[PDB]
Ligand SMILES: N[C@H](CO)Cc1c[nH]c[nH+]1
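Only one chain is given next, in structure tokens, and it is the form solved without the named molecule.
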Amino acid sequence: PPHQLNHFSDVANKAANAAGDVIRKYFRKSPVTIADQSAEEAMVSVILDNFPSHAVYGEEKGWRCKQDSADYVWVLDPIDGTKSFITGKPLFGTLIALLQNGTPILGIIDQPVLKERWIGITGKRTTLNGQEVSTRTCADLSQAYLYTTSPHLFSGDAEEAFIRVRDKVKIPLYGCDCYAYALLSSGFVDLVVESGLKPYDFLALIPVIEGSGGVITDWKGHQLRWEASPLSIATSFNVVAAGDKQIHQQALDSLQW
């Protein structure tokens, strides 16, 4: 297992703290691009000051590393949910993931306006603001509360797949971004289904959801993996996350991907 997780947490939390400071000045005062750049720059200042050998892939400026390669890769998105940010809606989030040879070992979802921070760590239960959180059981897809960001954020076949699961759930809801994954981790949402998600908007979710007892994969039900390198391309993935493995299963059958 990894031995440096507490030290990784402290820098993780400082990165997140520094992103928050930038984000709160620009939220509700184009501010979004200044915010997104400054915030990313703030996080890499912290991460690279504490670990010079480490690499980062940020949503604004891609890969950045001194060395040829690194065993440790920081995948960042300061504002996951730019449309929410632009419209004054405080459900966007800063996402921080640390990858050890391509496996995520830490993830943060921070909401700096709501002052809510979910940390996921390998081999620990996921916490929200220092308190342990847990997904909830849910019998059947008909009992499930579902979130997706948008309906026409699906093209052609993805929209058919999505419709199939949509018709079976208790109620489909829209318009959290990453917050919906935070909510599911805390046991308030049963299922999140999305298409066209870039790595810096899902890698942080994995330890958060998994350490809460939930499951998150692609539409085929495979492990969400993205090996970040200097020669890495941020390509779209499809994501299904559930509080309950039975629900995940059942969702996978409706997706027919």
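Start at 1 with the first residue shown and count on from there.
Missing here is the form deposited with the named molecule bound; even so, the following discussion is about that form.
- Contact with the named molecule in the bound PDB entry, judged as any non-hydrogen atom within 4.5 angstroms, is confined among 120-128, 75-83, 103-111, 182-190 to 75-83.
- For the marked spot (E40, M43 and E60), a heavy atom within 4.5 Å of the named molecule in the bound PDB entry is absent from each of the three residues.
- Contact annotation: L153 falls within 4.5 Å of the named molecule in the bound PDB entry, judged by heavy atom distances.
- Residue contact with the named molecule in the bound PDB entry: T217 places no heavy atom within 4.5 Å of it.
- Although the partner is absent here, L197 lies within 4.5 Å of the named molecule in the bound PDB entry, judged by heavy atoms.
- Residue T149 is the only one in 117-152 with at least one heavy atom within 4.5 Å of the named molecule in the bound PDB entry.
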